[PDB]
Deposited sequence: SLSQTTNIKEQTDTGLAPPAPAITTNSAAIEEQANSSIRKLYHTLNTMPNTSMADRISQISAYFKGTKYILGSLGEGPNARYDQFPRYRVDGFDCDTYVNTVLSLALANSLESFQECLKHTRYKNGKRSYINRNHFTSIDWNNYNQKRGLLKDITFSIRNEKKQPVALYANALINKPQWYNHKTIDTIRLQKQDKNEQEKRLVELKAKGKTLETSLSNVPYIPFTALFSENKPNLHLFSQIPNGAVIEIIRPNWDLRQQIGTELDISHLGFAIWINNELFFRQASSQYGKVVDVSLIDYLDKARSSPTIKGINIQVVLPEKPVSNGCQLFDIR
């Protein structure tokens, strides 16, 4: 019941702001992200809302998150001062030019979300600014050829999420959606990342590099050579994301975790050390939020 879920969120968010409106943007992000720790993981938490054509999951919620919706929700709350401005900020962060539709949703972290949110002045990629002791960057470039029409072509009825179950209506709407998807663009990503070969040079954590990751930064997990063409219809470059949060002079990765089943804090060093054994995960991208005070289309 998407309308009911949103109504619960309206009440909780209104109250949140009453507390907040009585600090730096990084501290806002830390406080708001912390407020949702322990909230359950829901894969694909958000859609286009009640009565939506393709995906009738709620537009926002406070009862569950996936990695993407957690970051989007926290950022939009941090950027705003009210339920009304949050709604506007979220719309403009989740969708290209804030125009609500399935195809306008920022589905791909690199070529949609990073690109559009950088262009409008919300985010800045600072990956290359994290330099070794000789003041030289250690970052590399990950590329994936993101083929939207092939990604659409690979979709099943599971994409079509209707509140009232109707399998035939799912089939109809899927053909309609794919017809639009066929007209979309193909984009080669260019995603800076700090490689594990640097972060764990000599098989130990590179504390000099880790110390340059700012509190409240957005951390994306990068897989440079990730061929998901047979599985989802496209190569991909980014598999997960969350926030960098410093607590007691230790760096945490705060994120909505499918493994833990909830929003958790985990040591970023330990998390990445375990991720090293992956054949496809090769490093991290770091972005910071530019707006200094809360207010939402452009900055």
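Deposited residues without C-alpha coordinates, grouped into stretches that follow sequence order | Unmodelled stretches: 1-25, 48-50, 324-326, 331-333.
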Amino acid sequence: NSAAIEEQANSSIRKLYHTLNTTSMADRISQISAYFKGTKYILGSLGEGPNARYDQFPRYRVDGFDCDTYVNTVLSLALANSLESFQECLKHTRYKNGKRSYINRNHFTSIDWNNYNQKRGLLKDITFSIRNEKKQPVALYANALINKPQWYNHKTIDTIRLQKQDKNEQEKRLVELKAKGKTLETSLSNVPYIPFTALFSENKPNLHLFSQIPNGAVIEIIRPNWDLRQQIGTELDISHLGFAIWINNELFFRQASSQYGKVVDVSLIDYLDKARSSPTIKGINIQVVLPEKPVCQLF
From here on, numbers count along this sequence of modelled residues.
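In the PDB record, does 116-124 or 162-170 carry the higher mean Cα temperature factor?
-> If you average the C-alpha B-factors of 116-124 and of 162-170, the larger mean comes out for 162-170.
Averaging C-alpha B-factors over each stretch, which comes out higher, 131-139 or 217-225?
-> Looking at the recorded C-alpha B-factors, 131-139 comes out higher on average.
Third assignment of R28 from its chain's C-alpha B-factors | Answer is middle: the recorded C-alpha B-factor places it there.
State the tercile, meaning the lowest, middle or highest third, of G38 with respect to the CA B-factors recorded for its chain.
-> For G38, the deposited C-alpha B-factor lands in the highest third.
Is the Cα B-factor recorded for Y271 in the lowest, middle or highest third of its chain?
-> As the PDB entry reports it, the C-alpha B-factor of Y271 lands in the middle third of its chain.
Give the position of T69 by CA B-factor within its chain, expressed as the lowest, middle or highest third.
-> Bottom third by C-alpha B-factor.
When the modelled residues of the chain are sorted by Cα temperature factor, does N97 land in the lowest, middle or highest third?
-> For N97, the deposited C-alpha B-factor lands in the highest third.
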